[PDB]
Amino acid sequence: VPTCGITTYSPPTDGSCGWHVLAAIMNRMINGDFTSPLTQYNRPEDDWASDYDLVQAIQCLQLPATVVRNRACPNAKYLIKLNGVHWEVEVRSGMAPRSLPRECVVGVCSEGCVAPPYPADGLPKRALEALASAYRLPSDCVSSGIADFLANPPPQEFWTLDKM
Amino acid sequence: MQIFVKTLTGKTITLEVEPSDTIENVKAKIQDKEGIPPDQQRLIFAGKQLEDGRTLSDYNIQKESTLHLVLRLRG
Ligand SMILES: [Zn+2]
């Protein structure tokens with residue numbers, strides 16, 4: 001069904017806006033709640049997140065999301081935008097998620113770009129948990145954190161409590 | 001050899017380079033042609049985000065290759 005208007009999630013002003021954006025994408029995918037469940041985490045300019053960081057992270061978590069430079073990828077369900085210096089994210093509600101090629105994710109794709117349907121069991125189980133474990137790292141290390149977690153994830157249901 | 005660089009607005013820059021040339025060299029050349037400071041340049045090749053340290057050789061960028069020029073975003 002065609003819809004009109006723009007539906008945007010704007011993170012808090014804590015300094016972790018990019019990571020909140022990814023968290024919110026996943027939170028809507030999993031629970032229908034387009035907002036960050038990550039606890040707010042303060043940091044200054046030198047720990048801001050780049051388009052590089054966010055792109056790597058999107059690929060690790062396997063999100064139907066692009067970083068919008070100029071043209072928005074028509075196949076991206078989630079559009080990440082730098083609004084001044086505040087990472088925000090739009091969502092196309094009336095649209096099935098599509099698994100995006102790398103050029104589509106990065107936002108340098110050409111007219112005619114194609115992407116197949118995102119599989120229902122397509123979001124890595126414990127993606128949001130991986131992000132939650134990683135985000136408070138330095139931003140340039142967060143994607144490595146996510147990748148490490150997802151690749152070799154702690155199997156114990158209360159592993160966090162164990163680690164304490 | 002010749003490579004092409006495509007800006008976000010769909011401009012196509014043509015560069016003379018060597019396989020040995022570092023990503024930093026390429027950025028400096030883009031500056032000479034376009035007045036875009038390397039500070040705010042990021043080069044993509046087939047989705048792969050290039051890094052300052054490495055050469056064109058390392059990324060398998062041969063004659064006629066097309067790179068995508070992108071503006072560095074921080075938030
Ligand atoms: Zn695309």
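For all residues, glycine too, the Cβ spot is worked out from N, Cα and C.
Taking the Cβ of B:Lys6 (ubiquitin cross-link) as centre and 10 Å as the limit, one finds 17 other Cβ atoms among all the protein chains shown. Sequence annotations record features per position, and here Swiss-Prot assigns ubiquitin cross-link to B:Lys6 (among others) based on experimental evidence.
The Cβ neighbour count for B:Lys11 (ubiquitin cross-link), using a 10 Å radius and every protein chain shown, is 10. The annotation ubiquitin cross-link is assigned in Swiss-Prot to B:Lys11 (among others) on the grounds of experimental evidence.
Residue environment of B:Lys27 (ubiquitin cross-link) contains 22 other Cβ atoms, counted within 10 Å of its Cβ in all protein chains. Annotation source Swiss-Prot lists ubiquitin cross-link at B:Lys27 (among others), citing a curator's inference.
In sequence order, B:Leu15, B:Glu16, B:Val17 make up the list of same-chain residues 6 or more apart from B:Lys29 (ubiquitin cross-link) whose Cβ falls under 8 Å from its Cβ. Taken from Swiss-Prot, the feature ubiquitin cross-link covers B:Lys29 (among others), and the record attributes it to experimental evidence.
Taken residue by residue with DSSP, B:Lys33 (ubiquitin cross-link) is part of a helix. There are 11 other CB atoms within 10 A of the CB of B:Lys33 (ubiquitin cross-link), with all protein chains counted. For B:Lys33 (among others), the entry in Swiss-Prot reads ubiquitin cross-link, with the evidence type experimental evidence.
Per Swiss-Prot, the feature ubiquitin cross-link maps to B:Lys48 (among others). Sequence-distant contacts (6 or more apart, same chain, Cβ under 8 Å) of B:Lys48 (ubiquitin cross-link) comprise B:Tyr59.
Annotation source Swiss-Prot lists site 'Interacts with activating enzyme' at B:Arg54 (among others). Take the CB of B:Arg54 (site 'Interacts with activating enzyme') and look out to 10 A: across all protein chains shown you find 12 other CB atoms.
DSSP assigns B:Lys63 (ubiquitin cross-link) to coil in the three-state reduction, outside any helix or strand. Here Swiss-Prot flags B:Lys63 (among others) as ubiquitin cross-link, drawing on experimental evidence.
Cβ neighbour count for B:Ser65 (phosphoserine): 17 (other Cβ atoms within 10 Å of its Cβ, all protein chains included). Among the features that Swiss-Prot reports, phosphoserine is placed at B:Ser65, with the record citing experimental evidence.
Taken from Swiss-Prot, the feature (Microbial infection) ADP-ribosylthreonine covers B:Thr66. Around the Cβ of B:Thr66 ((Microbial infection) ADP-ribosylthreonine), the same chain contributes B:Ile3, B:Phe4, B:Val5, B:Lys6, each under 8 angstroms and 6 or more positions distant in sequence.
Feature annotation from Swiss-Prot assigns site 'Essential for function' to B:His68. Secondary structure at B:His68 (site 'Essential for function'), taken from DSSP and collapsed to helix, strand or coil, is strand.
Summarising the annotation, Swiss-Prot assigns site 'Interacts with activating enzyme' to B:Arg72 (among others).
Separating the Cα atoms of B:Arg54 (site 'Interacts with activating enzyme') and B:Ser65 (phosphoserine) is a whole-number distance of 17 Å. B:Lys11 (ubiquitin cross-link) falls outside any helix or strand according to DSSP and counts as coil. Shown are the recorded positions B:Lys63, B:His68, B:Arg72; of these, the residue with the fewest other Cβ atoms within 10 Å is B:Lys63.
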